[PDB]
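Participant: Here it is, the structure in full.
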Amino acid sequence: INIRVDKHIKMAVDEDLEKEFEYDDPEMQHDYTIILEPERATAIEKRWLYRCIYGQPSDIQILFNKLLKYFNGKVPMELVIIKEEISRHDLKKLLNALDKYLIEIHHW
Amino acid sequence: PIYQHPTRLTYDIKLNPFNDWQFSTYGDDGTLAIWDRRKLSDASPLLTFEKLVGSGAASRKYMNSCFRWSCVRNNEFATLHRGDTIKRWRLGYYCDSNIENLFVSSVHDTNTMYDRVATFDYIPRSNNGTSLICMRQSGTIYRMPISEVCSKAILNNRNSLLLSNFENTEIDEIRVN
Amino acid sequence: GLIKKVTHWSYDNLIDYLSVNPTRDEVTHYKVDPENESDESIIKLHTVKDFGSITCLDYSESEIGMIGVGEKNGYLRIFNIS
Amino acid sequence: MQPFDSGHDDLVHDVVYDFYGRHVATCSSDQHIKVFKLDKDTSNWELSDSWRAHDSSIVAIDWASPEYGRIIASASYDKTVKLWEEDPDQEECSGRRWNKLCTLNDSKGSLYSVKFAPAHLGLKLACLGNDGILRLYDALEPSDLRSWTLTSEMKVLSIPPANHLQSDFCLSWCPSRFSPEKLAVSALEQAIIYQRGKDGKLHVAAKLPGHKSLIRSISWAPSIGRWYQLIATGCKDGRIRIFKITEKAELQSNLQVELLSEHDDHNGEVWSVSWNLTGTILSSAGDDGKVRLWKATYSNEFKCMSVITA
């Protein structure tokens with residue numbers, strides 16, 4: 001599982017940083033930015049990843065905060081389930097809730 | 001049909017809320033034009049501003065509204081430029097003697113509270129006040145007031161100051177007492 | 001993004017508004033008190049989210065709540081909010 | 001501050017005092033002129049008359065000299081200047097208290113500013129519109145104040161501006177009975193001083209430098225007795241320029257203009273600039289929402305003293 005951040009989260013964290021072209025809206029353009037290492041990220045990038053969860057309930061927030069460092073595109077999720085003692089249906093819930101920000105990679 | 005006038009500035013029609021005979025469209029090159037239906041009925045546009053709004057009207061079907069008529073007073077419209085400033089153009093009219101020929105009298109620039117504004121709209125308040133609700137490019141919607149800018153500061157022989165506003169009707173006086 | 005002012009609905013001093021998100025997916029009905037200049041005067045009331053790609057929007061003056069929404073595929077949806 | 005509602009249904013354009021400082025005339029875009037008198041007993045502004053004047057928006061009015069009677073000029077956008085004389089044998093707040101005298105249907109453009117010359121020059125007028133033509137109207141026949149004759153017609157702008165481009169014009173006479181007849185005329189971005197020559201015709205005398213943008217207000221300071229005159233200008237830029245004029249072909253006196261000060265305190269457009277009776281207090285309004293009061297220091301440098309937010 002690899003994490004992704006779209007332009008809406010970038011604009012949202014820009015608004016939050018403001019708290020402390022232009023004529024058209026082409027719907028086929030998305031400024032997709034992939035966070036390669038969620039553990040090794042800057043402040044704005046961690047802000048991106050934490051704003052990605054702004055709206056989901058408490059269980060999803062806890063499951064994301066405990067499994068954010070494993071979304072580096074190199075750790076299989078089966079080993080994550082085995083090691084962290086989590087339910088498979090919990091992983092299914094976490095994947096289905098964040099449908100448009102999680103990249104699935106399937107290889108041996 | 002009653003009339004058919006061939007023009008290329010045929011886009012988003014906003015009728016004037018105070019005079020139904022006047023409507024204003026723009027075009028692909030951003031050229032805004034304020035029309036009168038009686039001149040087309042009988043055919044030049046009543047006004048023509050070169051490159052006032054965003055271009056590319058034929059290519060993009062999702063265009064923000066950066067031009068609005070005024071629902072607080074007559075002969076006025078607001079244009080939003082580069083997501084930062086709103087130009088409140090005030091028009092003047094004269095009758096060649098019932099079609100009122102139009103020309104631009106004064107333009108007032110108001111800087112927005114937050115940058116990157118795509119579309120906006122008016123908020124009518126009491127005592128002829130003006131406030132603007134604006135939607136940013138991030139989708140955040142906020143409310144911004146219009147400040148009371150003094151239009152005339154005259155002094156008397158008794159050292160008395162008389163202040164006239166650009167928005168409301170009341171006149172402010174600071175007497176020497 | 002489309003902010004359209006809607007009149008002939010509210011009986012109090014509030015002025016109704018209709019908004020479309022910049023991603024063109026939902027229609028939001030607001031309610032703005034003009035006498036209060038705070039940003040909390042905007043009250044979000046309802047949001048219809050089942051939309052593909054909104055291209056145009058219009059309202060009905062006579063009947064309160066009836067809002068038509070066009071789309072790029074060709075589906076015009078006429079519904080109620082209030 | 002005591003705000004009083006003028007009662008117009010649209011934007012109040014110009015407000016002018018009388019010579020005695022007890023009457024104010026307000027014009028507006030609702031095609032109305034209202035005259036307010038200052039009551040001696042109640043000390044509150046109360047309306048004297050309110051009558052429809054023009055067929056378009058009135059933008060400039062001026063009171064005449066009190067030794068020629070009570071005459072109010074009115075320049076509107078319908079290419080007319082209308083002169084209004086008070087007949088006191090009418091009821092107040094009726095519309096018949098101010099009688100019409102004459103319509104000046106010579107301007108081919110929408111008039112912007114109207115000004116009376118000082119009383120020592122006669123009952124003169126000065127009109128300016130977007131046609132760029134400065135017109136002076138006298139009152140030659142003393143029996144009836146309805147035969148006003150055009151005498152001086154000087155072209156300020158070569159071609160009129162288009163309708164889509166904005167414009168602004170302003171005028172200011174010379175309040176000096178001991179100096180020859182002068183007139184400060186503000187074009188779009190130009191400020192010209194016109195002087196009356198030996199041939200009886202106006203001529204170009206001096207030009208105020210600067211003014212990269214539109215001039216919104218011009219004002220000649222009263223000559224209290226000093227040897228140098230003062231012109232204050234509020235531009236579309238943030239500059240409140242004060243020009244110091246020292247007076248010494250076919251002109252009775254050549255005059256030199258030196259910029260005395262230049263202030264950027266407003267951070268916007270200086271819409272209006274004015275003077276006091278003695279030329280000591282300047283008042284300037286701008287887009288910051290604040291009206292600043294300027295007084296000259298000991299070293300002849302104008303420094304702000306009060307800021308009045310609104």
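Every chain in the structure tokens has a letter given in the order shown (A, B, ...), and although residue numbers restart at 1 in each chain, ligands are simply numbered from 1 in the order shown.
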Give me, as a Markdown table, each residue of stretch 53-114 of chain D that comes within 12 Å of stretch 135-153 of chain D, together with its shortest interatomic pair and the distance in Å at one decimal, counting only C-alpha atoms, with rows ordered by chain and rising residue number.

Facilitator:
| residue | atom | partner | partner_atom | distance |
| --- | --- | --- | --- | --- |
| D:68 | CA | D:145 | CA | 10.0 |
| D:69 | CA | D:145 | CA | 10.3 |
| D:70 | CA | D:145 | CA | 11.5 |
| D:71 | CA | D:145 | CA | 9.8 |
| D:73 | CA | D:137 | CA | 11.5 |
| D:81 | CA | D:137 | CA | 10.4 |
| D:82 | CA | D:146 | CA | 10.4 |
| D:83 | CA | D:146 | CA | 8.7 |
| D:84 | CA | D:145 | CA | 10.1 |
| D:85 | CA | D:145 | CA | 9.0 |
| D:99 | CA | D:146 | CA | 11.2 |
| D:100 | CA | D:146 | CA | 9.0 |
| D:101 | CA | D:146 | CA | 5.2 |
| D:102 | CA | D:146 | CA | 5.2 |
| D:103 | CA | D:146 | CA | 8.7 |
| D:104 | CA | D:148 | CA | 8.1 |
| D:105 | CA | D:150 | CA | 10.9 |
| D:106 | CA | D:150 | CA | 8.8 |
| D:107 | CA | D:135 | CA | 8.4 |
| D:108 | CA | D:135 | CA | 11.5 |
| D:111 | CA | D:135 | CA | 10.8 |
| D:113 | CA | D:135 | CA | 11.0 |
| D:114 | CA | D:135 | CA | 9.8 |

Participant: I need the residues from that last selection saved to file as a tab-separated table (two decimals), in the first residue's frame (with N, CA, C and O atoms), if you can.

Facilitator:
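part-v3.tsv written:
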chain	number	residue	atom	x	y	z
D	68	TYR	N	-23.89	88.42	-5.08
D	68	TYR	CA	-24.66	88.31	-6.31
D	68	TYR	C	-26.00	87.62	-6.07
D	68	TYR	O	-26.69	87.27	-7.03
D	69	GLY	N	-26.38	87.42	-4.81
D	69	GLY	CA	-27.55	86.64	-4.50
D	69	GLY	C	-27.20	85.19	-4.22
D	69	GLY	O	-26.03	84.80	-4.15
D	70	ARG	N	-28.24	84.39	-4.05
D	70	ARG	CA	-28.09	82.97	-3.74
D	70	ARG	C	-28.36	82.16	-5.00
D	70	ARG	O	-29.51	81.89	-5.34
D	71	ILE	N	-27.29	81.78	-5.69
D	71	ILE	CA	-27.37	81.02	-6.93
D	71	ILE	C	-26.57	79.73	-6.76
D	71	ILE	O	-25.43	79.77	-6.29
D	73	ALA	N	-25.19	76.52	-8.95
D	73	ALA	CA	-24.98	75.84	-10.22
D	73	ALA	C	-25.11	74.34	-10.03
D	73	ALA	O	-24.97	73.81	-8.92
D	81	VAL	N	-25.84	72.43	-17.60
D	81	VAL	CA	-25.56	73.17	-16.37
D	81	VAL	C	-26.77	74.05	-16.10
D	81	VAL	O	-27.15	74.87	-16.94
D	82	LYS	N	-27.38	73.87	-14.94
D	82	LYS	CA	-28.60	74.57	-14.57
D	82	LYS	C	-28.32	75.46	-13.36
D	82	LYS	O	-27.71	75.01	-12.39
D	83	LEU	N	-28.77	76.70	-13.44
D	83	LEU	CA	-28.51	77.71	-12.42
D	83	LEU	C	-29.81	77.98	-11.66
D	83	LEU	O	-30.85	78.21	-12.28
D	84	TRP	N	-29.74	77.93	-10.34
D	84	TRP	CA	-30.93	77.89	-9.49
D	84	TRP	C	-30.90	79.07	-8.53
D	84	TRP	O	-29.95	79.21	-7.75
D	85	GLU	N	-31.94	79.90	-8.58
D	85	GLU	CA	-32.05	81.08	-7.73
D	85	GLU	C	-33.18	80.90	-6.74
D	85	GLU	O	-34.26	80.42	-7.09
D	99	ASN	N	-35.85	78.52	-7.76
D	99	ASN	CA	-36.37	78.68	-9.10
D	99	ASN	C	-35.26	78.52	-10.13
D	99	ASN	O	-34.12	78.94	-9.91
D	100	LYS	N	-35.61	77.90	-11.25
D	100	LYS	CA	-34.68	77.68	-12.35
D	100	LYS	C	-34.44	78.98	-13.11
D	100	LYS	O	-35.37	79.76	-13.33
D	101	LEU	N	-33.20	79.21	-13.51
D	101	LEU	CA	-32.83	80.42	-14.24
D	101	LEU	C	-32.49	80.13	-15.70
D	101	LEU	O	-33.11	80.70	-16.60
D	102	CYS	N	-31.52	79.25	-15.95
D	102	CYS	CA	-31.01	79.09	-17.30
D	102	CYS	C	-30.41	77.70	-17.45
D	102	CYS	O	-29.81	77.17	-16.51
D	103	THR	N	-30.59	77.11	-18.63
D	103	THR	CA	-29.95	75.85	-18.99
D	103	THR	C	-28.88	76.13	-20.02
D	103	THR	O	-29.14	76.81	-21.02
D	104	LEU	N	-27.68	75.62	-19.78
D	104	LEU	CA	-26.54	75.83	-20.68
D	104	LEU	C	-26.41	74.59	-21.55
D	104	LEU	O	-25.67	73.67	-21.24
D	105	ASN	N	-27.13	74.59	-22.67
D	105	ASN	CA	-27.11	73.47	-23.61
D	105	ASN	C	-26.04	73.65	-24.68
D	105	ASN	O	-26.31	73.55	-25.88
D	106	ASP	N	-24.81	73.92	-24.25
D	106	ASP	CA	-23.69	74.03	-25.18
D	106	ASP	C	-22.69	72.89	-25.05
D	106	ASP	O	-21.94	72.64	-26.00
D	107	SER	N	-22.66	72.21	-23.91
D	107	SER	CA	-21.73	71.11	-23.71
D	107	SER	C	-22.19	69.89	-24.48
D	107	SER	O	-23.33	69.45	-24.35
D	108	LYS	N	-21.29	69.33	-25.28
D	108	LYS	CA	-21.58	68.12	-26.03
D	108	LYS	C	-21.21	66.86	-25.26
D	108	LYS	O	-21.35	65.76	-25.81
D	111	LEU	N	-20.94	66.60	-18.21
D	111	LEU	CA	-20.18	67.55	-17.42
D	111	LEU	C	-19.76	66.94	-16.09
D	111	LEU	O	-20.51	66.19	-15.47
D	113	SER	N	-17.32	68.91	-13.60
D	113	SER	CA	-17.08	69.89	-12.55
D	113	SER	C	-17.60	71.25	-12.97
D	113	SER	O	-17.47	71.64	-14.14
D	114	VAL	N	-18.19	71.98	-12.02
D	114	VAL	CA	-18.64	73.35	-12.23
D	114	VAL	C	-18.11	74.20	-11.08
D	114	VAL	O	-18.07	73.75	-9.93

Participant: Any idea what's packed within 6 Å of stretch 115-119 of chain D, counting only C-alpha atoms, ignoring anything in its chain fewer than 4 positions away? Could you give it as a list in words?

Facilitator: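 What passes the distance filter is residues 62, 65, 124, 125 and 126 of chain D.
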
Participant: May I have all residues of stretch 18-99 of chain A that DSSP, computed from the backbone, assigns to alpha helix (DSSP H), given as a VMD selection string?

Facilitator: chain A and resid 18 43 to 51 58 to 66 77 to 84 88 to 97

Participant: Any chance you could export the current selection's C-alpha atoms as a CSV table (one decimal), in the first residue's frame?

Facilitator:
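Everything below was put into selection.csv:
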chain,number,residue,atom,x,y,z
A,18,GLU,CA,-2.8,30.8,6.3
A,43,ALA,CA,6.2,19.2,8.3
A,44,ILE,CA,4.0,20.1,5.3
A,45,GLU,CA,4.1,16.4,4.1
A,46,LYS,CA,3.0,15.1,7.5
A,47,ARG,CA,0.4,17.8,7.4
A,48,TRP,CA,-0.8,16.4,4.1
A,49,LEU,CA,-1.0,12.9,5.5
A,50,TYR,CA,-2.8,14.0,8.7
A,51,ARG,CA,-5.3,16.1,6.7
A,58,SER,CA,-11.8,7.4,15.8
A,59,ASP,CA,-11.0,3.8,14.9
A,60,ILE,CA,-9.9,4.7,11.4
A,61,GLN,CA,-7.7,7.5,12.8
A,62,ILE,CA,-6.1,5.1,15.3
A,63,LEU,CA,-5.6,2.4,12.6
A,64,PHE,CA,-4.0,5.0,10.3
A,65,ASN,CA,-1.8,6.5,13.0
A,66,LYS,CA,-0.5,3.1,14.0
A,77,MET,CA,0.3,-5.8,4.4
A,78,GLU,CA,0.1,-9.5,5.4
A,79,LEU,CA,3.2,-9.1,7.4
A,80,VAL,CA,1.8,-5.9,8.9
A,81,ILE,CA,-1.4,-7.8,9.9
A,82,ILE,CA,0.7,-10.6,11.4
A,83,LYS,CA,3.1,-8.3,13.3
A,84,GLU,CA,0.7,-5.6,14.6
A,88,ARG,CA,-8.0,-8.3,8.2
A,89,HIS,CA,-11.5,-6.7,8.0
A,90,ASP,CA,-10.0,-3.7,9.8
A,91,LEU,CA,-7.5,-3.4,6.9
A,92,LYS,CA,-10.3,-3.7,4.4
A,93,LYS,CA,-12.2,-0.9,6.2
A,94,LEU,CA,-9.1,1.3,6.2
A,95,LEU,CA,-8.5,0.6,2.5
A,96,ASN,CA,-12.2,1.1,1.4
A,97,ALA,CA,-12.6,4.3,3.5

Participant: Have a look at C:27, C:42, C:3, C:54 and name the one nearest to chain A; count only C-alpha atoms.

Facilitator: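 Comparing C:27, C:42, C:3, C:54 against chain A, the winner is C:54.
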
Participant: Quick one: which chain D residues come within 6 Å of chain B, and what is the nearest atom pair for each with the distance in Å to one decimal, counting only C-alpha atoms, rows ordered by chain and ascending number, as JSON lines?

Facilitator:
{"residue": "D:1", "atom": "CA", "partner": "B:174", "partner_atom": "CA", "distance": 4.9}
{"residue": "D:2", "atom": "CA", "partner": "B:173", "partner_atom": "CA", "distance": 5.6}
{"residue": "D:3", "atom": "CA", "partner": "B:172", "partner_atom": "CA", "distance": 4.4}
{"residue": "D:4", "atom": "CA", "partner": "B:170", "partner_atom": "CA", "distance": 5.7}
{"residue": "D:5", "atom": "CA", "partner": "B:170", "partner_atom": "CA", "distance": 4.1}
{"residue": "D:6", "atom": "CA", "partner": "B:170", "partner_atom": "CA", "distance": 5.6}
{"residue": "D:11", "atom": "CA", "partner": "B:169", "partner_atom": "CA", "distance": 6.0}
{"residue": "D:21", "atom": "CA", "partner": "B:156", "partner_atom": "CA", "distance": 5.9}
{"residue": "D:56", "atom": "CA", "partner": "B:94", "partner_atom": "CA", "distance": 5.9}
{"residue": "D:78", "atom": "CA", "partner": "B:94", "partner_atom": "CA", "distance": 4.9}
{"residue": "D:163", "atom": "CA", "partner": "B:103", "partner_atom": "CA", "distance": 4.3}
{"residue": "D:164", "atom": "CA", "partner": "B:104", "partner_atom": "CA", "distance": 5.6}
{"residue": "D:166", "atom": "CA", "partner": "B:104", "partner_atom": "CA", "distance": 5.1}
{"residue": "D:271", "atom": "CA", "partner": "B:151", "partner_atom": "CA", "distance": 5.9}
{"residue": "D:272", "atom": "CA", "partner": "B:152", "partner_atom": "CA", "distance": 5.3}
{"residue": "D:274", "atom": "CA", "partner": "B:154", "partner_atom": "CA", "distance": 5.9}
{"residue": "D:276", "atom": "CA", "partner": "B:155", "partner_atom": "CA", "distance": 5.5}
{"residue": "D:277", "atom": "CA", "partner": "B:157", "partner_atom": "CA", "distance": 5.3}
{"residue": "D:285", "atom": "CA", "partner": "B:150", "partner_atom": "CA", "distance": 5.8}
{"residue": "D:287", "atom": "CA", "partner": "B:149", "partner_atom": "CA", "distance": 5.7}
{"residue": "D:289", "atom": "CA", "partner": "B:149", "partner_atom": "CA", "distance": 4.6}

Participant: Please report, as CSV, each residue of chain B lying at most 10 Å from chain C, together with the nearest pair of atoms and the separation in Å rounded to one decimal; use only C-alpha atoms, and order rows by chain and ascending residue number.

Facilitator:
residue,atom,partner,partner_atom,distance
B:61,CA,C:55,CA,6.5
B:62,CA,C:55,CA,6.0
B:63,CA,C:1,CA,7.6
B:64,CA,C:1,CA,5.6
B:65,CA,C:2,CA,6.7
B:66,CA,C:2,CA,9.9
B:117,CA,C:1,CA,10.0
B:118,CA,C:1,CA,7.1
B:119,CA,C:1,CA,6.4
B:120,CA,C:3,CA,6.4
B:121,CA,C:3,CA,6.4
B:122,CA,C:5,CA,7.9
B:123,CA,C:34,CA,6.6
B:124,CA,C:34,CA,6.8
B:125,CA,C:34,CA,5.2
B:126,CA,C:35,CA,7.2
B:129,CA,C:34,CA,9.3
B:130,CA,C:34,CA,9.2
B:131,CA,C:34,CA,8.0
B:133,CA,C:3,CA,8.5
B:134,CA,C:3,CA,7.9
B:135,CA,C:1,CA,7.2
B:136,CA,C:1,CA,8.5
B:137,CA,C:22,CA,6.8
B:138,CA,C:22,CA,7.2
B:139,CA,C:22,CA,5.9
B:140,CA,C:21,CA,9.0
B:141,CA,C:42,CA,8.5
B:142,CA,C:39,CA,6.0
B:143,CA,C:39,CA,5.8
B:144,CA,C:37,CA,7.6
B:145,CA,C:37,CA,7.0

Participant: Set the distance at 12 Å and use only C-alpha atoms: which residues neighbour residue A:74 once local chain neighbours fewer than 4 positions away are removed? I'd like the list as a VMD selection string.

Facilitator: chain A and resid 1 to 3 36 to 38 69 to 70 78 to 80 104 to 108

Participant: Kindly give the distance, in Å, that separates atom CA of residue D:8 and atom CA of residue B:146, rounded to a single decimal.

Facilitator: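 Going from atom CA of residue D:8 over to atom CA of residue B:146 covers 20.3 Å.
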
Participant: Restrict the distance test to only C-alpha atoms, flag each residue of chain A within 8 Å of chain B, and return the flagged residues as a ChimeraX atom specification.

Facilitator: /A:8,11-12,22-26

Participant: Write the residues of the selection above to a file with N, CA and C atoms, as a PDB file, in the first residue's frame.

Facilitator:
ATOM      1  N   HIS A   8      -6.543  18.848  -3.305  1.00  0.00           N
ATOM      2  CA  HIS A   8      -7.464  19.366  -2.297  1.00  0.00           C
ATOM      3  C   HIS A   8      -6.830  19.388  -0.912  1.00  0.00           C
ATOM      4  N   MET A  11      -4.339  22.295  -0.845  1.00  0.00           N
ATOM      5  CA  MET A  11      -5.015  23.568  -0.634  1.00  0.00           C
ATOM      6  C   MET A  11      -5.541  23.691   0.793  1.00  0.00           C
ATOM      7  N   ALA A  12      -5.997  22.581   1.383  1.00  0.00           N
ATOM      8  CA  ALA A  12      -6.488  22.617   2.759  1.00  0.00           C
ATOM      9  C   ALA A  12      -5.365  22.932   3.742  1.00  0.00           C
ATOM     10  N   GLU A  22      -7.271  30.536 -13.068  1.00  0.00           N
ATOM     11  CA  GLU A  22      -8.320  30.900 -12.127  1.00  0.00           C
ATOM     12  C   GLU A  22      -9.700  30.989 -12.764  1.00  0.00           C
ATOM     13  N   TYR A  23      -9.774  31.167 -14.081  1.00  0.00           N
ATOM     14  CA  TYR A  23     -11.059  31.332 -14.750  1.00  0.00           C
ATOM     15  C   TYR A  23     -11.824  30.019 -14.895  1.00  0.00           C
ATOM     16  N   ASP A  24     -11.122  28.892 -14.978  1.00  0.00           N
ATOM     17  CA  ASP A  24     -11.732  27.606 -15.275  1.00  0.00           C
ATOM     18  C   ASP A  24     -11.439  26.585 -14.187  1.00  0.00           C
ATOM     19  N   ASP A  25     -12.241  25.522 -14.188  1.00  0.00           N
ATOM     20  CA  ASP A  25     -12.065  24.379 -13.293  1.00  0.00           C
ATOM     21  C   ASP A  25     -12.071  23.111 -14.139  1.00  0.00           C
ATOM     22  N   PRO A  26     -10.941  22.770 -14.766  1.00  0.00           N
ATOM     23  CA  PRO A  26     -10.849  21.498 -15.503  1.00  0.00           C
ATOM     24  C   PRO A  26     -10.867  20.323 -14.537  1.00  0.00           C
TER      25      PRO A  26
END

Participant: If we count only C-alpha atoms and set the cut-off at 10 Å, which residues sit around residue C:65, ignoring sequence neighbours fewer than 6 positions away in its own chain? Please answer as a ChimeraX atom specification.

Facilitator: /C:6,9,29,59,79-82
